[PDB]
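Have a look at the structure below before the remarks.
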Amino acid sequence: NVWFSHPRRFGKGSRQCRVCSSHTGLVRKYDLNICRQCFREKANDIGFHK
Amino acid sequence: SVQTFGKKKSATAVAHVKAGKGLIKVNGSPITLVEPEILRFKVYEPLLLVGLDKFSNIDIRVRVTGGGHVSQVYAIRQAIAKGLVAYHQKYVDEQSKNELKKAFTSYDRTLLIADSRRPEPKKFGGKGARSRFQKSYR
Amino acid sequence: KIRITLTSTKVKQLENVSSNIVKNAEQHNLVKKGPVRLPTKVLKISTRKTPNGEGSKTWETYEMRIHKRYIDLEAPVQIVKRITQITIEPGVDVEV
Amino acid sequence: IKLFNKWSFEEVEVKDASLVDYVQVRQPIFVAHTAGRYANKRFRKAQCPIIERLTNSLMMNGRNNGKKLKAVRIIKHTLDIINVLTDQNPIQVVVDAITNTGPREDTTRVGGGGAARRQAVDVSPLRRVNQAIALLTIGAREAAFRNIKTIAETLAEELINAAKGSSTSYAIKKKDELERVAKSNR
Amino acid sequence: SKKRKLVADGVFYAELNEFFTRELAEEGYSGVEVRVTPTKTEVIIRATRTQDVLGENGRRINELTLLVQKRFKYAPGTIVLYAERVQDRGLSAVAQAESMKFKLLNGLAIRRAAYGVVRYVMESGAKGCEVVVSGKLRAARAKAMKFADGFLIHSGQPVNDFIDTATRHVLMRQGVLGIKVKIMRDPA
Amino acid sequence: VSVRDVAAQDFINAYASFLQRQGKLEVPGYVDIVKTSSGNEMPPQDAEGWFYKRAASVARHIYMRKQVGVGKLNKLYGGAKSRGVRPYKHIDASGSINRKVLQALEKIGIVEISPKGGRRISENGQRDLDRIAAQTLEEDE
Amino acid sequence: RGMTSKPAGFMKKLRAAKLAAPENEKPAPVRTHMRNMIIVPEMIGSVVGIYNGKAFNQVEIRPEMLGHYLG
RNA sequence: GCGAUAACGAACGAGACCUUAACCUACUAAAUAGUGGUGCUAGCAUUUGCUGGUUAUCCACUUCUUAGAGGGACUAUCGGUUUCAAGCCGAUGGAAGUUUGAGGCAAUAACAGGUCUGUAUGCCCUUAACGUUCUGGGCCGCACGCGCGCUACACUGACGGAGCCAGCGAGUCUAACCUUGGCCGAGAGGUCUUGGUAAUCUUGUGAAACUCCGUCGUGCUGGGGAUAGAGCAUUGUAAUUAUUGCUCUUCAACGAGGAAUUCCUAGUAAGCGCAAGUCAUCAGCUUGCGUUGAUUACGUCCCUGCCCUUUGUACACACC
């Protein structure tokens, strides 16, 4: 998958989540979060960000 | 000097009212030049309303930012009116409140009080905007 | 102008540190242009509470109310050094 | 009062007596009447009743896209046309037409399934204004669409046929329709 | 402040929490306060027993502060660490929720869990103590058992009441089972 | 008077008449390859053939705003989301018009270059504006 | 298109062409699903085998075509 | 909420606390604008003077915005109705009325409601492989049906030129946003230089609706736009499959839509632009914003959902 730091071309190794493997529209500001899903969960944990 | 405020639909009408001269300066250009279109009789409106005519009488210098040709012509107007009641003569100027209330008379969305209107969108659930739905007797 | 800026979480820690700079740093040898308020360095947004999935009918408004004060110190003489005495209230992020 | 700093109501004769009491030319409800222009064409006539309610029904029906910004040019620029054509006050001619297009007694509908129960209700002044202007504009917007005619010429021609009385007019004809069914099913 | 990288310091707080959930478990975990000075976090960890956190001549407090800076997924900083005591046991909901779940795991039933702990909290002080035990009540099917002492049933008004909140889990042969505990102290 | 007293459109037309008299401003021949290849008939005010009417507009904007940039007299300053933006990358149709116009006006002494980037408007410039503004104002009254 | 300053000719197929051309023209279609290459004069003759999706549809590469990509 | 009453007091909800918009004000004031102390640049004019745009440092004066804080609206005050109750109805005062507008709050429980693809996790399983890696092709297929958005059938206007105007939000910490100056050149497009901004600058008055005036004159057109073919980039490896877009050229369906059906309750739909979110890179979507802004309730008969009392029951695995 993506987490190997040498893809073939520049743009292959895209973005992935840390928590899940999931891919489908992540966040630039926080490289974690499934897609949208842990954005509101980890807001309810502590703090917020835009 | 005597100054005052007066906004509608977002505006900052910084209307100075002063004795001597009677040129209407809007920012850094005269009245006819800033507003060349059709609605610019409104900025000349509360001037002649008080009884006597202007140009001979009182000097007006406004600054204004914020507001379209629909908004600005009321913002400047409202500030000239709100600064009229706060002005000084010899009898003085407080009861011109009632005659600026009698400007747009008997359905009082006047020139003493503001057009408290900020045109934002259209609503969900029935038919809606401002002035409530469904009446035979309207 | 020697630009000091303060920013913290809420009001309670902010009042003490702001007033202390007027008391401690300022005296006679310092003239400040003074202790101002300013708008908050806030970031608000309305989004949905459930993050996508079941329920479009759910909402949650958010903010990050991070209350800034500027409080600028004008005269750059001897007394601009004595700010090192106040180190109280962590949670206040001092930035110079 | 003075409408576009020339024409007033002091040079205007009023027809219907109960509309004097209720609708006042001060501001509630403003008895100055004029509409019928789009683009640049000086046709003939003018006329459309109560300027406060030309912000109302006349706006949305049109026929025009755009709201009040359109409407204020429709109102303003037609004033000069009737002034040199019939040589009248643009308000006076359609103070005749407003009572002809406004019913005295109307009918409500209530829908009990697929049954239209038209029963009589009384009107009197206030509703007669806006429902009449609704009758003018619905006939005008459809007559601009369905045959080659702009909203300028449609609104203009209509109201002398409405004022005097003709079956060419939409608004006096639908006033008749709604009024006579009330006095029948009463 | 921090306009720029919030995903620098923000993720470091989470890494620190994952340390003391595992490490400071038996010593009696409650929470850590991490006030940030530039390149120095506070890391005032709060244990019920601080005698073990220090250890024999302060060996374990030296161990913890070294390992939380570097082992796997940690930033250095050159930070400090302080071992502070939790005052009482009953008033803290995070400390009580931990001990309730240990009893459930061990082999004590849900009624001899809930009724025993609410009495202890009302004895030390508090205002109300709600102990809602969800999941499989002594092995069964899912649902809740509430039961509370005092004024603490569904918050008990918003205002100012100072409610300590907690959630804790159990792994057991049966299934994963949780608990939600609220303990109200005094209006503040 | 000043350029404010006279109207917007008709000043640009009036000034354009005197602009054609001065033989520093030539047509490099761009807009005769657009308006004819269209269908568009534009009568003599609207017409613009072309460097005369466009120079009168551009020079009026250095009275009305005055601060620097050939680029900030090309497109107003930023917003060329209408019609086509061009800032860093190689300049297009709009580019080769306005770099030429302020170059040609400089060979008169209408515009000068001020040291914080680009253009201002100088002595013979505002003479050639507001003196013509007076003549038009006398025809308006 | 990439013409000025480095045209996008993928270096693996230059190694293919220098091998297969000076021997004998290979009458079997060599599969070459690489789309992103500039076509060069040492590819003339030999049947290159770009995929489409469900099928293939035989190349005869002519000396007139050179300038484009495989497109 | 007020009367009546074998009850009297109280708790969890809800009306308030909190957050945001409407407005006033003393005191301390940051960034911005204007004006003066020295202005600076320039015109028009014989001169006096009058007119325009720009902008720093220190101080003064005038202003605008926010936040610490102090208030304001309570059916308070007045008239009519009602048992001279509670309430309604309208009016006065004001920037603002009957919890002011919009968020935030979701009781007790049920639907064995949905999520084992977020993580956590009982147990079942599979393990030279329902593991892992390489690359291509698929997810864009198709011969029809259904649901939701976008755009048009127009003078409701189109086309050309000129002109006036808003608000919410973004922008490296060592790959930013962007002003400038010249050079390739049919487009999508950055190496380099200079200047501002950490948000004072910049995206944004090259911001539409709209307005002025002229032309077309109701014809598949000057309507509408799918589709195809024809000229390129010192980088984003690179856009046949599968990118948007710019000029010439191609100029369809369509000329207001049956049975039937949905949404739109007073600045929060229509109509109209503008900005954010994911993002190396593909919006008509999602999310947020301002500008211009109204037709219509007499009345609950019928329809659908929900609440209370009374009422019939053989109904009870949840009342299929």
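Scheme for the structure tokens: letters A, B, ... for chains in order shown; per-chain residue numbers from 1; ligand numbers from 1 in order shown.
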Problem - Residue neighbourhood residue 60 of chain G, 8 Å, only C-alpha atoms (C1' of nucleotides), exclusion window fewer than 5 positions, as a list in words - result: residues 45, 46 and 47 of chain G
Problem - DSSP alpha helix (DSSP H) residues within segment 37-72 of chain F, as a PyMOL selection string - result: chain F and resi 51-64
Practice task
Write out as a PyMOL selection string each polymer residue whose atoms come within 8 Å of residue 84 of chain B, counting only C-alpha atoms (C1' of nucleotides); drop sequence neighbours fewer than 4 positions from it.
Solution key: chain B and resi 17+80+93+96
Those same residues, written as a short mmCIF file (atom, residue, chain, number, x, y, z; two decimals), in the first residue's frame with N, CA, C and O atoms?
data_model
loop_
_atom_site.label_atom_id
_atom_site.label_comp_id
_atom_site.auth_asym_id
_atom_site.auth_seq_id
_atom_site.Cartn_x
_atom_site.Cartn_y
_atom_site.Cartn_z
N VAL B 17 -21.77 67.78 10.06
CA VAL B 17 -22.67 68.87 9.77
C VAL B 17 -22.07 70.09 10.43
O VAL B 17 -21.59 70.04 11.56
N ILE B 80 -27.48 62.34 7.78
CA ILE B 80 -27.77 63.77 7.71
C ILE B 80 -28.96 64.11 8.59
O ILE B 80 -28.98 65.16 9.23
N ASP B 93 -32.62 72.28 17.89
CA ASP B 93 -32.90 71.32 16.83
C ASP B 93 -33.58 70.01 17.24
O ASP B 93 -33.76 69.14 16.40
N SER B 96 -37.08 68.30 15.47
CA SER B 96 -37.01 67.86 14.09
C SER B 96 -36.98 66.34 14.02
O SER B 96 -37.13 65.77 12.94
#
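Here the DSSP assignment of strand (DSSP E or B), based on backbone atoms, applies within segment 4-98 of chain B to residues 12, 13, 14, 15, 16, 17, 18, 19, 24, 25, 26, 29, 30, 58, 59, 60, 61, 62, 63, 64 and 65 of chain B.
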Problem - Contacts of segment 43-56 of chain H within 7 Å, only C-alpha atoms (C1' of nucleotides), excl. fewer than 3 positions in-chain, as a list in words - result: residues 1, 2, 63, 64, 65, 66, 126, 127, 130 and 131 of chain F
Report the closest atom pair, with its distance in Å rounded to one decimal, for each residue of segment 58-119 of chain D that has an atom no farther than 9 Å from segment 144-166 of chain D; count only C-alpha atoms, sort by chain and then rising residue number, and write it as a tab-separated table.
residue	atom	partner	partner_atom	distance
D:62	CA	D:151	CA	7.6
D:63	CA	D:151	CA	6.4
D:64	CA	D:151	CA	8.2
D:74	CA	D:152	CA	7.5
D:78	CA	D:152	CA	8.3
D:93	CA	D:163	CA	7.5
D:94	CA	D:163	CA	6.8
D:95	CA	D:163	CA	8.5
D:96	CA	D:163	CA	5.6
D:97	CA	D:163	CA	4.0
D:98	CA	D:163	CA	7.7
D:99	CA	D:163	CA	8.5
D:100	CA	D:163	CA	6.4
D:101	CA	D:162	CA	6.9
Write the selection just made, keeping C-alpha atoms, as an mmCIF file, in the first residue's frame?
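Here's the written file part.cif:
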data_model
loop_
_atom_site.group_PDB
_atom_site.id
_atom_site.type_symbol
_atom_site.label_atom_id
_atom_site.label_comp_id
_atom_site.auth_asym_id
_atom_site.auth_seq_id
_atom_site.Cartn_x
_atom_site.Cartn_y
_atom_site.Cartn_z
ATOM 1 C CA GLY D 62 -43.865 40.533 -14.026
ATOM 2 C CA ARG D 63 -43.302 39.242 -16.713
ATOM 3 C CA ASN D 64 -39.641 39.911 -15.829
ATOM 4 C CA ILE D 74 -41.554 50.089 -15.070
ATOM 5 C CA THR D 78 -44.145 55.338 -18.213
ATOM 6 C CA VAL D 93 -57.293 57.660 -15.000
ATOM 7 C CA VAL D 94 -56.609 54.464 -13.016
ATOM 8 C CA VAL D 95 -58.331 55.734 -9.836
ATOM 9 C CA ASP D 96 -61.357 55.002 -12.063
ATOM 10 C CA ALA D 97 -59.985 51.553 -12.991
ATOM 11 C CA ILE D 98 -59.084 50.358 -9.439
ATOM 12 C CA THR D 99 -62.732 50.096 -8.299
ATOM 13 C CA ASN D 100 -63.756 48.375 -11.563
ATOM 14 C CA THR D 101 -61.058 45.694 -11.151
#
Which chain G residues have any atom within 10 Å of an atom of chain H, and for each, what is the nearest pair of atoms with distance in Å to one decimal, counting only C-alpha atoms (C1' of nucleotides), rows sorted by chain and number, as a tab-separated table?
residue	atom	partner	partner_atom	distance
G:1	CA	H:232	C1'	6.1
G:2	CA	H:233	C1'	6.9
G:3	CA	H:233	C1'	8.3
G:4	CA	H:233	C1'	7.4
G:5	CA	H:234	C1'	5.3
G:6	CA	H:234	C1'	8.2
G:8	CA	H:238	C1'	7.4
G:9	CA	H:238	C1'	9.9
G:10	CA	H:237	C1'	9.5
G:33	CA	H:136	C1'	7.3
G:34	CA	H:136	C1'	9.4
G:35	CA	H:240	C1'	6.9
G:36	CA	H:238	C1'	6.2
G:37	CA	H:238	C1'	8.8
G:50	CA	H:240	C1'	9.5
G:51	CA	H:137	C1'	8.5
G:52	CA	H:241	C1'	6.3
G:53	CA	H:137	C1'	6.0
G:54	CA	H:137	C1'	8.0
G:69	CA	H:240	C1'	8.6
G:70	CA	H:240	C1'	6.8
G:71	CA	H:240	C1'	3.9
Residues just named, written with N, CA, C and O atoms as a PDB file, in the first residue's frame:
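Output contents, as saved in result.pdb:
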ATOM      1  N   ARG G   1       1.877  20.638 -25.316  1.00  0.00           N
ATOM      2  CA  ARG G   1       2.434  19.266 -25.121  1.00  0.00           C
ATOM      3  C   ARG G   1       3.927  19.328 -24.977  1.00  0.00           C
ATOM      4  O   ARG G   1       4.564  20.279 -25.423  1.00  0.00           O
ATOM      5  N   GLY G   2       4.515  18.296 -24.321  1.00  0.00           N
ATOM      6  CA  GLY G   2       5.926  18.248 -24.001  1.00  0.00           C
ATOM      7  C   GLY G   2       6.737  17.984 -25.235  1.00  0.00           C
ATOM      8  O   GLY G   2       6.830  16.852 -25.708  1.00  0.00           O
ATOM      9  N   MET G   3       7.322  19.066 -25.786  1.00  0.00           N
ATOM     10  CA  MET G   3       8.090  19.068 -27.004  1.00  0.00           C
ATOM     11  C   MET G   3       9.342  19.821 -26.672  1.00  0.00           C
ATOM     12  O   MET G   3      10.446  19.278 -26.720  1.00  0.00           O
ATOM     13  N   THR G   4       9.168  21.109 -26.292  1.00  0.00           N
ATOM     14  CA  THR G   4      10.218  21.986 -25.828  1.00  0.00           C
ATOM     15  C   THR G   4      10.595  21.535 -24.443  1.00  0.00           C
ATOM     16  O   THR G   4       9.724  21.233 -23.632  1.00  0.00           O
ATOM     17  N   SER G   5      11.922  21.440 -24.188  1.00  0.00           N
ATOM     18  CA  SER G   5      12.530  21.069 -22.928  1.00  0.00           C
ATOM     19  C   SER G   5      12.034  19.751 -22.371  1.00  0.00           C
ATOM     20  O   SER G   5      11.110  19.721 -21.562  1.00  0.00           O
ATOM     21  N   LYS G   6      12.675  18.636 -22.796  1.00  0.00           N
ATOM     22  CA  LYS G   6      12.419  17.289 -22.317  1.00  0.00           C
ATOM     23  C   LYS G   6      11.083  16.758 -22.821  1.00  0.00           C
ATOM     24  O   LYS G   6      10.104  16.844 -22.082  1.00  0.00           O
ATOM     25  N   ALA G   8       8.375  13.751 -23.294  1.00  0.00           N
ATOM     26  CA  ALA G   8       8.151  12.671 -22.363  1.00  0.00           C
ATOM     27  C   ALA G   8       8.205  11.337 -23.066  1.00  0.00           C
ATOM     28  O   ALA G   8       7.177  10.743 -23.382  1.00  0.00           O
ATOM     29  N   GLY G   9       9.437  10.836 -23.308  1.00  0.00           N
ATOM     30  CA  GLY G   9       9.696   9.552 -23.915  1.00  0.00           C
ATOM     31  C   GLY G   9      10.211   8.650 -22.843  1.00  0.00           C
ATOM     32  O   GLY G   9      11.271   8.897 -22.271  1.00  0.00           O
ATOM     33  N   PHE G  10       9.457   7.570 -22.533  1.00  0.00           N
ATOM     34  CA  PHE G  10       9.768   6.707 -21.418  1.00  0.00           C
ATOM     35  C   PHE G  10      10.894   5.772 -21.791  1.00  0.00           C
ATOM     36  O   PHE G  10      10.866   5.116 -22.831  1.00  0.00           O
ATOM     37  N   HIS G  33       1.542  -1.655 -22.946  1.00  0.00           N
ATOM     38  CA  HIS G  33       0.398  -0.909 -22.450  1.00  0.00           C
ATOM     39  C   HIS G  33       0.770   0.496 -22.015  1.00  0.00           C
ATOM     40  O   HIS G  33      -0.089   1.271 -21.599  1.00  0.00           O
ATOM     41  N   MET G  34       2.065   0.873 -22.137  1.00  0.00           N
ATOM     42  CA  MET G  34       2.562   2.210 -21.892  1.00  0.00           C
ATOM     43  C   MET G  34       1.998   3.184 -22.900  1.00  0.00           C
ATOM     44  O   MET G  34       2.261   3.072 -24.095  1.00  0.00           O
ATOM     45  N   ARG G  35       1.213   4.171 -22.410  1.00  0.00           N
ATOM     46  CA  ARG G  35       0.626   5.207 -23.230  1.00  0.00           C
ATOM     47  C   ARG G  35       1.526   6.416 -23.258  1.00  0.00           C
ATOM     48  O   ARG G  35       1.642   7.087 -24.282  1.00  0.00           O
ATOM     49  N   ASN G  36       2.199   6.708 -22.119  1.00  0.00           N
ATOM     50  CA  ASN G  36       2.964   7.919 -21.928  1.00  0.00           C
ATOM     51  C   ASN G  36       4.371   7.722 -22.427  1.00  0.00           C
ATOM     52  O   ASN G  36       5.303   7.483 -21.660  1.00  0.00           O
ATOM     53  N   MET G  37       4.541   7.836 -23.758  1.00  0.00           N
ATOM     54  CA  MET G  37       5.826   7.880 -24.395  1.00  0.00           C
ATOM     55  C   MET G  37       5.635   8.721 -25.620  1.00  0.00           C
ATOM     56  O   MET G  37       4.535   8.786 -26.167  1.00  0.00           O
ATOM     57  N   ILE G  50      -0.477  -1.428 -27.542  1.00  0.00           N
ATOM     58  CA  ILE G  50      -1.150  -0.673 -26.509  1.00  0.00           C
ATOM     59  C   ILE G  50      -2.521  -1.241 -26.233  1.00  0.00           C
ATOM     60  O   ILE G  50      -3.243  -1.633 -27.147  1.00  0.00           O
ATOM     61  N   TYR G  51      -2.889  -1.344 -24.933  1.00  0.00           N
ATOM     62  CA  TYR G  51      -4.155  -1.896 -24.518  1.00  0.00           C
ATOM     63  C   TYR G  51      -5.158  -0.772 -24.545  1.00  0.00           C
ATOM     64  O   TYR G  51      -4.796   0.401 -24.640  1.00  0.00           O
ATOM     65  N   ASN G  52      -6.456  -1.126 -24.522  1.00  0.00           N
ATOM     66  CA  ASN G  52      -7.530  -0.176 -24.618  1.00  0.00           C
ATOM     67  C   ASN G  52      -8.403  -0.411 -23.423  1.00  0.00           C
ATOM     68  O   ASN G  52      -8.575   0.475 -22.593  1.00  0.00           O
ATOM     69  N   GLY G  53      -8.957  -1.632 -23.303  1.00  0.00           N
ATOM     70  CA  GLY G  53      -9.751  -1.968 -22.153  1.00  0.00           C
ATOM     71  C   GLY G  53     -10.184  -3.381 -22.308  1.00  0.00           C
ATOM     72  O   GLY G  53      -9.645  -4.282 -21.674  1.00  0.00           O
ATOM     73  N   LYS G  54     -11.180  -3.617 -23.186  1.00  0.00           N
ATOM     74  CA  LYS G  54     -11.695  -4.942 -23.443  1.00  0.00           C
ATOM     75  C   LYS G  54     -10.965  -5.609 -24.591  1.00  0.00           C
ATOM     76  O   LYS G  54     -11.011  -6.832 -24.714  1.00  0.00           O
ATOM     77  N   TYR G  69       2.281  11.239 -29.244  1.00  0.00           N
ATOM     78  CA  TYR G  69       2.404  10.233 -28.214  1.00  0.00           C
ATOM     79  C   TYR G  69       1.771   8.979 -28.786  1.00  0.00           C
ATOM     80  O   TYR G  69       1.419   8.933 -29.964  1.00  0.00           O
ATOM     81  N   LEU G  70       1.582   7.927 -27.952  1.00  0.00           N
ATOM     82  CA  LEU G  70       0.671   6.850 -28.271  1.00  0.00           C
ATOM     83  C   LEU G  70      -0.659   7.280 -27.711  1.00  0.00           C
ATOM     84  O   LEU G  70      -0.893   7.200 -26.507  1.00  0.00           O
ATOM     85  N   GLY G  71      -1.536   7.793 -28.602  1.00  0.00           N
ATOM     86  CA  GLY G  71      -2.788   8.402 -28.233  1.00  0.00           C
ATOM     87  C   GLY G  71      -3.770   8.169 -29.379  1.00  0.00           C
ATOM     88  O   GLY G  71      -3.449   8.577 -30.528  1.00  0.00           O
TER      89      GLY G  71
END
